[PDB]
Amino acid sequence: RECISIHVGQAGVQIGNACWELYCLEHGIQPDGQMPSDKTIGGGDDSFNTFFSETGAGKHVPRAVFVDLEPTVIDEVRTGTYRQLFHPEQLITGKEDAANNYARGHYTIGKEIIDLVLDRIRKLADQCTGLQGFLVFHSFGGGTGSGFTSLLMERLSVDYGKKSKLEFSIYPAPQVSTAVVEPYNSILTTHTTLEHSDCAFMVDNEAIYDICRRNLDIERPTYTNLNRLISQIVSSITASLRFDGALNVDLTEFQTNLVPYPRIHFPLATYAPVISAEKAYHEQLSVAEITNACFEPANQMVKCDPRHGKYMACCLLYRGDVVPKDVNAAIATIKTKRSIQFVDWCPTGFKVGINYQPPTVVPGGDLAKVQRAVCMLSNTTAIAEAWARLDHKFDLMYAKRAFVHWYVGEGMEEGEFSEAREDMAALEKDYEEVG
């Protein structure tokens, strides 16, 4: 069953560029789309075909759309190492961006290109024998990432009602910020996308930044460093879609395993180990060590303290030299030794998936090769701390209606701010109520 990735705005495009590079390396697909280990030339039914179509020439093409309202970032994909990988018509650019303004992305500028994007998506969908749904990558803080994405998700829900929509969302951090209004864009897009998205993996730019500085010894991480770490995590999350495996094998199973109720659909990703490539001779960490590391807040994709929360679901996705009985033993020593508290209504259990191929390192990356790695996906109420921090910044500015004139001048009703914010308040309550 096919998965279409949509990459919206600069963050979504730059992270998408990094992900597809990694996917190609993981699958053995060359930058021109050729895949020598692919024995079926016409097309085929293999697991990597969920992400890649195949042309008659043997070219393996990402099932991916890149959209931005300005062309600078996508022009880099057009001229980069993977220029030949993508459908040229699946890289769509407007001329003028959303100016960090949700309302321009969603109402004014975004409407000029929405139907082209949907028609191009429809072309990819029509190549699909069984479209599972969409992976949507985007920033929360950008005007395109926030406003166009929510417009796009609204439209996708209409045109693809039964299809799952997963999001990888970049949550803004002051350390690497582009605008003062990002808290607004974040609440606005969260409010309007909450109903249309089945599962959303928030990547806290501050968490990735801190990991780059602490584990990778990178003094001032750039987007390239961040996006390389993120793509490793995204790859670990989507591996089950792309490879044989028994956990999370389709988009629906993500919701089944991680989303107990529709709105609290924000799993925390934790990844380990993250080791600098300068430590090429690093001692190899055991299954127990890396599993323990999944309960260290320092390895979390989102800054929050799961010791302050209750878990509702927990999946461990191992990649590499991982003996299942060692996983069981490590889980036994975490179920007893650590303060992991599930909610009373959820099986206090861990789902385990093991892909026995170790993670791929991107040439030029910051990461050392490792023999085993683990991505934990958990739905924990402690992620409500991330919303609270965002909601507080929002409230500080909205109290004075700072910047609001920019949104209202771009087709938006001021009441949309209060509706969005109340929806967030209810989201916070949803997490307190569950615990």
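From 1 onward, residues are counted along the sequence shown.
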query: Stretch with the higher entry mean CA B-factor, where the candidates are 342-350 and 90-98; finding: 342-350
query: Stretch exceeding the other in mean C-alpha B-factor - 114-122, 281-289; finding: 281-289
query: Criterion, highest CA B-factor; candidates, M397, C375, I41, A386; finding: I41
query: Residue with maximal Cα B-factor (values as given in the PDB entry) among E182, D217, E167, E296; finding: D217
query: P260 by Cα B-factor - lowest, middle or highest third of the modelled chain; finding: middle
query: Ranked C-alpha temperature factor of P324 among modelled chain residues, by third; finding: lowest
query: Lowest, middle or highest third - CA B-factor, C24; finding: middle
query: Third of chain Cα B-factors occupied by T333; finding: highest
query: Within-chain third of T55 by Cα B-factor, per the entry; finding: highest
